[PDB]
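# Geometric and topological summary
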Amino acid sequence: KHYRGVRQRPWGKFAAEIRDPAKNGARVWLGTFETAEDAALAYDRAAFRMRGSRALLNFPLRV
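Residues numbered from 1 in each chain as written, not as in the entry; some residues may be left out. Heavy atoms only, no water.

In its metadata, the entry names solution NMR as the structure determination method.

Put into structure tokens, the structure is as follows:
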């Protein structure tokens, strides 16, 4: 229901964002999306390039 990094609005928009501690504690707003699935998938790509090998994403790719 709630994706880690995706904020849902009471209108129909979402927002994919990730927390990066390596950047001295700075935010990384990927961008708003149309649904929680699109904003959640975009969060996985930024949480895999920034974290590198293996990472905890809303959609833990493994197939």
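Moving on from the model shown.
## A short note on the pairing of strand β3 (residues 26-33)
Here is the rule: Pairing between strands is defined by DSSP: at least two bridges between them are needed. Going along the chain from the N terminus, every DSSP run of H or I of four or more residues is numbered as a helix, and every run of E of two or more is numbered as a strand.
Pairing analysis gives seven bridges linking strand β2 (residues 14-20) to β3, with the strands arranged antiparallel. Paired with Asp-20 across the two strands is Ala-26, which belongs to β3.

## Regarding the sheet that holds strand β1 (residues 6-8)
How we decide: Axis geometry follows a simple rule: fit a line to the C-alpha atoms, using only the stretch in contact for helices, then measure angles between N-to-C directions, giving values from 0 to 180 degrees. Any pair of residues with heavy atoms lying within 4.5 Å of one another is described as a contacting pair.
Spatially, the three strands line up as an open sheet ordered β1-β2-β3, and their pairing is antiparallel. Two strands bound the open sheet, and with one partner strand each, they are β1 and β3. Averaged over neighbouring strand pairs, the angle between their axes works out to 25 degrees when direction is ignored. Lying on the sheet, helix α1 (residues 36-49) is in contact with β1, β2 and β3; it crosses β2 at an angle near 20 degrees.

## Re the pairing of β2
This is how it is decided: Burial classes follow relative accessibility: with a 1.4 Å probe on protein chains only, a residue under 20% of its type's maximum area counts as buried, one over 50% as exposed, and anything between as partly exposed.
Among the seven residues that make up β2, six are buried, leaving the element largely enclosed by the rest of the structure. Where β1 lies against β2, three bridges are found, and the strand directions are antiparallel. Looking across to β2, one finds that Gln-8 is bridged to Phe-14. Here β1 folds back onto β2, and the loop between the two strands holds five residues, one of which, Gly-12, carries a positive phi near 135 degrees. The antiparallel hairpin formed by β2 and β3 contains five residues in its connecting segment, where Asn-24 sits at a positive phi of about 65 degrees.

## Quick look at the nonpolar core
Convention followed: To define a nonpolar core, start from buried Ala, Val, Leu, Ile, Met, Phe, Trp, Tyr and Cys residues and group those joined through side-chain atoms within 4.5 Å.
In this structure, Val-6, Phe-14, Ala-16, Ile-18, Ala-36, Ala-39, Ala-40, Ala-42, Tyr-43, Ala-47 and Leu-57 together form the largest nonpolar core, which totals 11 residues. Sorting the residues of this core by element identifies β2 and α1 as the ones contributing at least two each. In terms of residue count, the dominant contributor to this core is α1 (six residues). Beyond its immediate chain neighbours, meaning those up to four positions away, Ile-18 contacts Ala-26, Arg-27, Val-28, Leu-30, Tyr-43, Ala-46, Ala-47 and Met-50.

## Section: the packing of aromatic side chains
Using the following cut-off: When the centres of two rings from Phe, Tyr and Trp lie within 6.5 Å, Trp using its six-membered ring, the rings pair. Their planes under 30 degrees apart give stacked, over 60 give edge-to-face, and anything left gives tilted.
In the structure shown here, the tally under the stated rule is one aromatic pair. Between the aromatic rings of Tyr-3 and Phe-59, the centroid separation amounts to 4.9 Å while the plane-to-plane angle is 90 degrees, which identifies the pairing as edge-to-face. Of this pair, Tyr-3 sits in the segment before β1 while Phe-59 is found in the segment after α1, placing the two residues 56 residues apart along the sequence.

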